[PDB]
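Shown next: input_19.cif, given as mmCIF, C-alpha atoms (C1' of nucleotides).
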data_protein
loop_
_atom_site.label_atom_id
_atom_site.label_comp_id
_atom_site.auth_asym_id
_atom_site.auth_seq_id
_atom_site.Cartn_x
_atom_site.Cartn_y
_atom_site.Cartn_z
CA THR A 1 -44.70 -17.21 -14.25
CA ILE A 2 -43.05 -15.62 -17.30
CA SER A 3 -40.78 -17.85 -19.42
CA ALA A 4 -40.54 -20.31 -16.51
CA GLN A 5 -39.30 -18.06 -13.69
CA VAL A 6 -36.68 -15.82 -15.25
CA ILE A 7 -37.42 -12.86 -12.95
CA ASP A 8 -36.49 -14.89 -9.87
CA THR A 9 -33.13 -15.70 -11.52
CA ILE A 10 -32.14 -12.40 -13.15
CA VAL A 11 -32.03 -10.62 -9.78
CA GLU A 12 -29.96 -13.43 -8.26
CA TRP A 13 -27.53 -13.36 -11.19
CA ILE A 14 -27.17 -9.57 -10.92
CA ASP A 15 -26.58 -9.80 -7.16
CA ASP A 16 -24.09 -12.67 -7.33
CA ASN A 17 -22.19 -11.76 -10.51
CA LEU A 18 -18.86 -9.95 -10.51
CA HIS A 19 -18.00 -6.68 -12.28
CA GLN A 20 -18.29 -8.51 -15.60
CA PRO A 21 -20.49 -6.50 -18.00
CA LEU A 22 -23.91 -7.82 -18.99
CA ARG A 23 -24.68 -8.17 -22.70
CA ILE A 24 -26.84 -10.40 -24.90
CA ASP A 25 -24.24 -13.14 -25.37
CA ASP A 26 -22.97 -12.92 -21.78
CA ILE A 27 -26.37 -13.10 -20.06
CA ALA A 28 -28.43 -15.40 -22.30
CA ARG A 29 -26.17 -18.47 -21.95
CA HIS A 30 -26.49 -19.78 -18.39
CA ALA A 31 -29.42 -17.53 -17.66
CA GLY A 32 -32.01 -20.10 -18.69
CA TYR A 33 -33.30 -17.65 -21.28
CA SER A 34 -33.08 -16.63 -24.94
CA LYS A 35 -32.74 -13.11 -26.35
CA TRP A 36 -36.52 -13.21 -26.42
CA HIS A 37 -36.58 -14.62 -22.92
CA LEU A 38 -35.18 -11.24 -21.81
CA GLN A 39 -36.69 -8.83 -24.36
CA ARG A 40 -40.26 -9.42 -23.16
CA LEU A 41 -39.15 -8.92 -19.56
CA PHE A 42 -37.22 -5.72 -20.31
CA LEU A 43 -40.25 -4.43 -22.24
CA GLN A 44 -42.95 -5.29 -19.68
CA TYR A 45 -41.51 -5.38 -16.16
CA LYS A 46 -38.85 -2.69 -16.66
CA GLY A 47 -39.55 -0.74 -19.85
CA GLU A 48 -35.97 0.51 -20.14
CA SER A 49 -32.89 -0.30 -22.19
CA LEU A 50 -30.16 -2.49 -20.72
CA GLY A 51 -27.34 0.04 -21.10
CA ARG A 52 -29.23 2.55 -18.96
CA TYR A 53 -30.54 0.14 -16.31
CA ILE A 54 -27.12 -1.44 -15.76
CA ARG A 55 -25.52 2.01 -15.48
CA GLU A 56 -28.18 3.11 -12.97
CA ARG A 57 -27.62 -0.05 -10.92
CA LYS A 58 -23.86 0.53 -10.93
CA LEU A 59 -24.35 4.14 -9.85
CA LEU A 60 -26.70 3.12 -7.03
CA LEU A 61 -24.15 0.52 -5.91
CA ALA A 62 -21.24 2.98 -6.03
CA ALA A 63 -23.22 5.66 -4.15
CA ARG A 64 -22.37 3.77 -0.94
CA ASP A 65 -18.74 3.00 -1.81
CA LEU A 66 -18.18 6.71 -2.45
CA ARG A 67 -19.43 7.40 1.08
CA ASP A 68 -17.32 4.55 2.53
CA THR A 69 -14.31 6.97 2.50
CA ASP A 70 -12.16 5.15 -0.04
CA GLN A 71 -9.03 6.81 -1.42
CA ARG A 72 -8.66 4.60 -4.53
CA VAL A 73 -11.20 6.42 -6.68
CA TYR A 74 -9.88 4.79 -9.87
CA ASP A 75 -10.76 1.31 -8.58
CA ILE A 76 -14.31 2.19 -7.46
CA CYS A 77 -15.70 2.16 -11.01
CA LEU A 78 -13.62 -0.91 -11.88
CA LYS A 79 -14.84 -3.05 -8.97
CA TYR A 80 -18.46 -2.43 -10.04
CA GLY A 81 -18.36 -2.90 -13.82
CA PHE A 82 -17.00 0.24 -15.49
CA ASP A 83 -13.88 -0.99 -17.29
CA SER A 84 -12.68 2.59 -17.88
CA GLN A 85 -12.66 5.77 -15.82
CA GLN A 86 -13.84 7.98 -18.69
CA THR A 87 -17.00 5.92 -19.26
CA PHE A 88 -17.98 6.11 -15.59
CA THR A 89 -17.18 9.83 -15.58
CA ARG A 90 -19.42 10.46 -18.59
CA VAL A 91 -22.22 8.33 -17.13
CA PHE A 92 -22.09 10.19 -13.81
CA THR A 93 -21.98 13.57 -15.57
CA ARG A 94 -25.00 12.68 -17.72
CA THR A 95 -26.94 11.23 -14.76
CA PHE A 96 -26.26 13.48 -11.75
CA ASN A 97 -24.63 16.48 -13.52
CA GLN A 98 -22.03 16.70 -10.73
CA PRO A 99 -18.27 16.12 -10.62
CA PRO A 100 -17.07 12.85 -9.04
CA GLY A 101 -15.21 14.64 -6.25
CA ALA A 102 -18.20 16.84 -5.43
CA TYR A 103 -20.24 13.71 -4.65
CA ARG A 104 -17.33 11.82 -3.07
CA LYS A 105 -16.72 14.57 -0.50
CA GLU A 106 -20.35 14.26 0.64
"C1'" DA B 1 94.00 -15.22 32.93
"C1'" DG B 2 89.07 -16.67 32.40
"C1'" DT B 3 85.40 -20.74 33.94
"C1'" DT B 4 81.87 -23.64 37.34
"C1'" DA B 5 78.75 -23.41 41.70
"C1'" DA B 6 75.65 -19.85 43.62
"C1'" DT B 7 72.48 -15.76 44.35
"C1'" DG B 8 67.89 -10.90 45.10
"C1'" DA B 9 64.66 -9.98 41.29
"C1'" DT B 10 60.99 -9.92 37.67
"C1'" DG B 11 58.37 -13.58 34.69
"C1'" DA B 12 54.50 -16.54 35.37
"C1'" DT B 13 50.91 -20.84 36.05
"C1'" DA B 14 47.31 -22.33 39.64
"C1'" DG B 15 38.66 -24.89 38.07
"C1'" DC B 16 33.99 -26.44 34.81
"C1'" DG B 17 29.27 -24.29 36.11
"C1'" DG B 18 26.13 -20.39 36.65
"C1'" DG B 19 24.18 -15.92 39.97
"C1'" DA B 20 22.27 -11.76 40.98
"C1'" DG B 21 20.04 -6.39 41.26
"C1'" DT B 22 18.61 -1.31 40.45
"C1'" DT B 23 22.40 0.80 38.16
"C1'" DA B 24 27.51 3.09 41.71
"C1'" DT B 25 29.81 8.19 42.62
"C1'" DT B 26 32.34 12.48 41.11
"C1'" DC B 27 38.97 15.52 41.13
"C1'" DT B 28 36.54 22.05 40.85
"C1'" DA B 29 38.11 24.35 37.59
"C1'" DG B 30 35.99 32.28 34.43
"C1'" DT B 31 34.56 35.06 31.26
"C1'" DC B 32 34.63 38.39 26.74
"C1'" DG B 33 35.01 39.16 21.79
"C1'" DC B 34 34.57 37.90 16.36
"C1'" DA B 35 33.52 34.78 12.59
"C1'" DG B 36 31.95 30.21 9.64
"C1'" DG B 37 28.69 25.97 9.15
"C1'" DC B 38 24.45 23.88 10.11
"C1'" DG B 39 19.46 22.54 12.14
"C1'" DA B 40 15.23 24.05 11.06
"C1'" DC B 41 11.71 26.57 8.48
"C1'" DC B 42 9.66 27.63 4.08
"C1'" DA B 43 9.11 28.60 -1.25
"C1'" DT B 44 9.61 26.51 -5.79
"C1'" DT B 45 10.23 23.24 -9.67
"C1'" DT B 46 9.66 18.28 -11.25
"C1'" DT B 47 6.93 14.23 -11.29
"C1'" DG B 48 2.91 11.15 -10.17
"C1'" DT B 49 -2.15 11.03 -9.73
"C1'" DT B 50 -6.82 12.97 -11.12
"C1'" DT B 51 -10.52 15.24 -14.05
"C1'" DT B 52 -12.02 16.83 -18.71
"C1'" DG B 53 -12.46 17.45 -23.98
"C1'" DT B 54 -12.40 15.71 -29.00
"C1'" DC B 55 -12.30 11.75 -33.27
"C1'" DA B 56 -14.11 6.49 -34.46
"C1'" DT B 57 -15.76 0.88 -33.32
"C1'" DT B 58 -20.20 -1.23 -31.32
"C1'" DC B 59 -25.43 -3.10 -28.82
"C1'" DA B 60 -30.41 -2.07 -27.42
"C1'" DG B 61 -35.50 -2.02 -29.10
"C1'" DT B 62 -39.12 -1.95 -32.79
"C1'" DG B 63 -41.15 -5.36 -35.92
"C1'" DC B 64 -41.50 -9.61 -39.03
"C1'" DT B 65 -40.77 -14.47 -40.29
"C1'" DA B 66 -40.04 -19.34 -38.50
"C1'" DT B 67 -40.75 -23.56 -35.25
"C1'" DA B 68 -43.09 -26.41 -31.44
"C1'" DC B 69 -46.80 -27.62 -27.89
"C1'" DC B 70 -51.88 -27.18 -26.59
"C1'" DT B 71 -56.81 -27.48 -27.63
"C1'" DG B 72 -60.02 -28.72 -31.34
"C1'" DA B 73 -62.55 -30.70 -35.60
#
Whole structure given in structure tokens:
Amino acid sequence: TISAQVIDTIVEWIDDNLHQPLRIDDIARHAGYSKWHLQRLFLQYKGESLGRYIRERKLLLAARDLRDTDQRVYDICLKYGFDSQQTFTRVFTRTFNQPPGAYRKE
DNA sequence: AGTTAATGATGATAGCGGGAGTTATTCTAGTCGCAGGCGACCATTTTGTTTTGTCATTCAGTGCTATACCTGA
């Protein structure tokens, strides 16, 4: 029990939320937690910044949609959180060091 | 001289309703030559869709100060 069961709610919010980005103001409101409700969790249970963890989660979620043989490549990053194509391209290039088409063909 | 009764013919009408099935069957008639337009195939340029590079506006975490509930003197 950390801050009255915030771990059991963060995962549910991440799984049920839409492609809306997750920031301090967005998440803290109806999350049941303060900025400090989440800082201690991100420091202890995860030990990683939010901008990197959210990007990794989006990449792991899109790894299946890229294999689902979808022709609308521009909408894949949009349906999962990336509001722009260039941001998703840079994130994928810095993470996997591979072009988007090279991983989409696989 | 010119006017009323009378003759063969084309001209033309003769029912509202629904009921069905695959589609019926050919008149006999040649070939040889040159020349223009088009169906079809493919290459190329224009435009839409995709990936990549070069400049600023912003949000995490580290750490301290501030406030409230629990255990204690």
Hey, what comes out of the PyMOL selection byres ((chain B) within 12 of (chain A)) on this file? Could you write it as a list in words?
residues 49, 50, 51, 52, 53, 58, 59, 60, 61 and 62 of chain B
Could you please determine the separation between CA of residue 35 (chain A) and CA of residue 55 (chain A) in Å, to one decimal place?
20.0 Å
Point-to-point distance from CA of residue 3 (chain A) to CA of residue 33 (chain A), Å rounded to tenths
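Atom-to-atom, CA of residue 3 (chain A) and CA of residue 33 (chain A) are spaced 7.7 Å apart.
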In terms of all atoms listed in the file, the residue from A:22, A:102, A:41, A:27 at minimal distance from residue 6 (chain A) is A:41
Point out the residue among A:62, A:10, A:4, A:77 with the least atom-to-atom distance to residue 28 (chain A), counting all atoms listed in the file.
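Closest to residue 28 (chain A) of all the choices is A:10.
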Using CA of residue 21 (chain A) and CA of residue 34 (chain A) as the two end points, give the distance in Å to one decimal.
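One can read the CA of residue 21 (chain A) to CA of residue 34 (chain A) distance as 17.6 Å.
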Which residues come within 9 Å of residue 58 (chain A), counting only C-alpha atoms (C1' of nucleotides), excluding same-chain residues fewer than 3 positions away, as a VMD selection string?
chain A and resid 53 to 55 61 to 63 77 80 to 82
Hey, what comes out of the PyMOL selection byres ((chain A and resi 67) around 9) on this file? Could you write it as JSON, numbers by chain?
{"A": [62, 63, 64, 65, 66, 68, 69, 70, 103, 104, 105, 106]}
For a quick check of understanding, using all atoms listed in the file, which of A:78, A:83, A:59, A:72 has the smallest distance to residue 95 (chain A)?
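Smallest separation from residue 95 (chain A) among the options: A:59.
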Build an axis-aligned box that encloses every atom of region 83-96 of chain A listed in the file, pad it by 3 Å on each side, and report its centre and edge lengths in Å to one decimal, as JSON.
{"center_x": -19.8, "center_y": 6.3, "center_z": -15.5, "size_x": 20.3, "size_y": 20.6, "size_z": 13.5}
Determine the nearest neighbour of residue 40 (chain A) from the options A:91, A:76, A:14, A:7, counting only C-alpha atoms.
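Between A:91, A:76, A:14, A:7, the residue approaching residue 40 (chain A) most closely is A:7.
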Repaired coordinates for region 27-46 of chain A (N, CA, C and O atoms) as a JSON list (two decimals), keeping the file's coordinate frame:
[["chain", "number", "residue", "atom", "x", "y", "z"],
["A", 27, "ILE", "N", -25.18, -12.75, -20.84],
["A", 27, "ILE", "CA", -26.37, -13.10, -20.06],
["A", 27, "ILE", "C", -27.27, -14.26, -20.49],
["A", 27, "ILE", "O", -27.72, -15.04, -19.66],
["A", 28, "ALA", "N", -27.52, -14.37, -21.79],
["A", 28, "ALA", "CA", -28.43, -15.40, -22.30],
["A", 28, "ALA", "C", -28.01, -16.83, -22.02],
["A", 28, "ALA", "O", -28.83, -17.68, -21.67],
["A", 29, "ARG", "N", -26.72, -17.10, -22.18],
["A", 29, "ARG", "CA", -26.17, -18.47, -21.95],
["A", 29, "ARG", "C", -26.80, -19.12, -20.71],
["A", 29, "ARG", "O", -27.92, -19.60, -20.81],
["A", 30, "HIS", "N", -26.05, -19.12, -19.61],
["A", 30, "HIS", "CA", -26.49, -19.78, -18.39],
["A", 30, "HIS", "C", -27.47, -18.96, -17.60],
["A", 30, "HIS", "O", -27.34, -18.76, -16.39],
["A", 31, "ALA", "N", -28.38, -18.32, -18.31],
["A", 31, "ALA", "CA", -29.42, -17.53, -17.66],
["A", 31, "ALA", "C", -30.75, -18.29, -17.66],
["A", 31, "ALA", "O", -31.70, -17.90, -16.99],
["A", 32, "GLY", "N", -30.81, -19.32, -18.50],
["A", 32, "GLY", "CA", -32.01, -20.10, -18.69],
["A", 32, "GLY", "C", -32.93, -19.43, -19.70],
["A", 32, "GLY", "O", -34.07, -19.86, -19.88],
["A", 33, "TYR", "N", -32.46, -18.36, -20.33],
["A", 33, "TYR", "CA", -33.30, -17.65, -21.28],
["A", 33, "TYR", "C", -32.64, -17.20, -22.58],
["A", 33, "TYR", "O", -31.43, -16.96, -22.64],
["A", 34, "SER", "N", -33.47, -17.08, -23.61],
["A", 34, "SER", "CA", -33.08, -16.63, -24.94],
["A", 34, "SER", "C", -33.10, -15.10, -25.01],
["A", 34, "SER", "O", -33.43, -14.44, -24.03],
["A", 35, "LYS", "N", -32.74, -14.56, -26.17],
["A", 35, "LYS", "CA", -32.74, -13.11, -26.35],
["A", 35, "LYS", "C", -34.17, -12.67, -26.12],
["A", 35, "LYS", "O", -34.42, -11.63, -25.52],
["A", 36, "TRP", "N", -35.10, -13.48, -26.61],
["A", 36, "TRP", "CA", -36.52, -13.21, -26.42],
["A", 36, "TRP", "C", -37.01, -13.56, -25.02],
["A", 36, "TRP", "O", -38.06, -13.07, -24.60],
["A", 37, "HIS", "N", -36.23, -14.34, -24.29],
["A", 37, "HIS", "CA", -36.58, -14.62, -22.92],
["A", 37, "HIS", "C", -36.48, -13.29, -22.14],
["A", 37, "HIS", "O", -37.26, -13.04, -21.22],
["A", 38, "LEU", "N", -35.51, -12.46, -22.52],
["A", 38, "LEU", "CA", -35.18, -11.24, -21.81],
["A", 38, "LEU", "C", -35.82, -10.00, -22.41],
["A", 38, "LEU", "O", -36.04, -9.02, -21.69],
["A", 39, "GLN", "N", -36.11, -10.01, -23.72],
["A", 39, "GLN", "CA", -36.69, -8.83, -24.36],
["A", 39, "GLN", "C", -38.09, -8.55, -23.82],
["A", 39, "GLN", "O", -38.43, -7.40, -23.52],
["A", 40, "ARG", "N", -38.91, -9.60, -23.70],
["A", 40, "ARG", "CA", -40.26, -9.42, -23.16],
["A", 40, "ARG", "C", -40.22, -8.88, -21.74],
["A", 40, "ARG", "O", -41.01, -8.01, -21.36],
["A", 41, "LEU", "N", -39.29, -9.40, -20.93],
["A", 41, "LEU", "CA", -39.15, -8.92, -19.56],
["A", 41, "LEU", "C", -38.73, -7.45, -19.53],
["A", 41, "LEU", "O", -39.35, -6.63, -18.84],
["A", 42, "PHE", "N", -37.69, -7.10, -20.29],
["A", 42, "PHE", "CA", -37.22, -5.72, -20.31],
["A", 42, "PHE", "C", -38.28, -4.77, -20.87],
["A", 42, "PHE", "O", -38.26, -3.58, -20.56],
["A", 43, "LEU", "N", -39.20, -5.28, -21.69],
["A", 43, "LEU", "CA", -40.25, -4.43, -22.24],
["A", 43, "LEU", "C", -41.42, -4.27, -21.27],
["A", 43, "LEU", "O", -42.01, -3.19, -21.19],
["A", 44, "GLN", "N", -41.76, -5.32, -20.54],
["A", 44, "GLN", "CA", -42.95, -5.29, -19.68],
["A", 44, "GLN", "C", -42.62, -4.87, -18.25],
["A", 44, "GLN", "O", -43.15, -3.87, -17.75],
["A", 45, "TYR", "N", -41.75, -5.62, -17.58],
["A", 45, "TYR", "CA", -41.51, -5.38, -16.16],
["A", 45, "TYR", "C", -40.69, -4.12, -15.93],
["A", 45, "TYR", "O", -40.91, -3.41, -14.94],
["A", 46, "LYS", "N", -39.75, -3.83, -16.82],
["A", 46, "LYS", "CA", -38.85, -2.69, -16.66],
["A", 46, "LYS", "C", -39.17, -1.54, -17.60],
["A", 46, "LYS", "O", -39.30, -0.40, -17.15]]
